[PDB]
Structure formats: C-alpha cells, structure tokens
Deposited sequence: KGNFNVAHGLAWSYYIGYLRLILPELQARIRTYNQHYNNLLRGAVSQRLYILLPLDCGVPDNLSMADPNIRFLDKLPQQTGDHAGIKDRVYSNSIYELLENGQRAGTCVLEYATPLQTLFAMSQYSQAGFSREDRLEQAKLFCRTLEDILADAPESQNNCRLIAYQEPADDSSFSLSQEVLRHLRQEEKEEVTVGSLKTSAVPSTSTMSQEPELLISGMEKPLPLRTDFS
C-alpha cells in the first residue's frame, strides 16, 4: 500500500522524534503562559485527505500560541526545529479547551494522487488504511504513550458537524481520565 508506507514513515520521520519530548514542551508553556493544554498531540485526520496549506476553516478552532520549539539534529539538518501550534477550542463562544492540533501531512499526498484532471473511493480506503495503520503503530510504539490522539473525521459538506465539538469531546475524556 502507498498509505501503509506513508503511515510508517510519518511515524519514523516525525512522530517518533517529536512525541518523546512533546509533553515536556507542553509543561514548559503551561508554566509560563482549566484552559490548559491536554498534554497530547491531537492529529487531525481528514478522511477526505483534505489538509490545508494554511485549522481556522472550522470556526471555534482558533490559534492561540506556538509551543516552545524543539531543536534536534536530523539527517544533516543541524538544530532541525520541530514547531507545533497550540489551538483554543470554543463551545458557546467561550474557551472550553486548549490543545496542540495539527493535520496529518501525509494525507495531503493521497489527495494530489486522487484530485483528478487514484479514485476518490481509493482515497477514502487508503486514508482509512493510513489511520488504521498509524494507529496500530502508535499502539505498539514505545514513544506513543498517552501523548497522541488520531482525530479521524469526514465533514460531509461545508454547510454541515463541529470539529470543535469533536476535538473537545476527546478533551473531556482526557480530563475524565
């Protein structure tokens, strides 16, 4: 599968290097800036493989601040910085949650291969495989340990579903556990 290898390498290429030190960067911010970060990387997995080159497309999901940068030497890039963004989530207009939110960038490729002049059905199937594979990796992975959540979703249409309520729901079971 293309999606099988896109999921492995997203783990070996990004997650296995940022998740180990993610929660420590979160504590650093939460000390110097109940409206706090959920100590976990919430990966938006748009099943439509629609990832933006710009999360504000769904209101109530608003950017707040950037997480302290992690610099690590990688593949010849000295102090390769790993940047991550913290977003506020709003319910009824008020801040009901703050978390580190970002799209799975590999799903973007499944899109370009299906955006037409693969099939839109193959995209759904392989996006699902990517989610199912990456979730199985992150289950057996030793670096993924109460630090990552895979938010798979599919807005049937723009005038439709509230990701804010979808991600906030995950934020509540966090606090409940």
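*Asks:* Lining up the deposited sequence with the coordinates, I want the ranges that have no C-alpha atoms.
*Replies:* Several stretches lack coordinates - namely 1-4, 38-41, 63, 127-129, 173, 191-230, in sequence order.
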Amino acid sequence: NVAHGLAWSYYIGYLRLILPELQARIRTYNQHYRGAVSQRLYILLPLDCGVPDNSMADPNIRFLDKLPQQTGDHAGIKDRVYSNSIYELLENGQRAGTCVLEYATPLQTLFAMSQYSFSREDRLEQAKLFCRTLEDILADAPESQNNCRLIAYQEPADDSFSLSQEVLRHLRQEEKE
From here on, numbers count along this sequence of modelled residues.
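*Asks:* May I ask whether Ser164 is missing from the deposited models in at least a third of the other compared entries?
*Replies:* In all of the other entries, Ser164 has coordinates.
*Asks:* Indicate yes or no: is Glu102 absent from the model in at least a third of the other PDB entries of this protein that were compared?
*Replies:* No, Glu102 is modelled in every one of the other compared entries that cover both of its flanks.
*Asks:* Per the record, averaged over C-alpha atoms, which has the higher B-factor: 162-170 or 18-26?
*Replies:* Between 162-170 and 18-26, it is 162-170 that shows the higher mean C-alpha B-factor.
*Asks:* Quick check on the record: does 135-143 or 56-64 carry the larger mean Cα temperature factor?
*Replies:* Higher mean C-alpha B-factor: 56-64.
*Asks:* Comparing recorded Cα B-factors across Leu129, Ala152, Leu41, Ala36, which one is largest?
*Replies:* Out of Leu129, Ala152, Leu41, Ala36, the record gives the largest C-alpha B-factor to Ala36.
*Asks:* Give the position of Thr71 by CA B-factor within its chain, expressed as the lowest, middle or highest third.
*Replies:* Its C-alpha B-factor, which the entry lists for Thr71, ranks in the middle third among residues of this chain.
*Asks:* Comparing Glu91 with the other modelled residues of its chain, is its CA B-factor in the lowest, middle or highest third?
*Replies:* Its C-alpha B-factor, which the entry lists for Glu91, ranks in the highest third among residues of this chain.
*Asks:* Going by the recorded CA B-factors, say which third of the chain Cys49 sits in, lowest, middle or highest.
*Replies:* It belongs to the highest third of the chain when residues are ordered by C-alpha B-factor.
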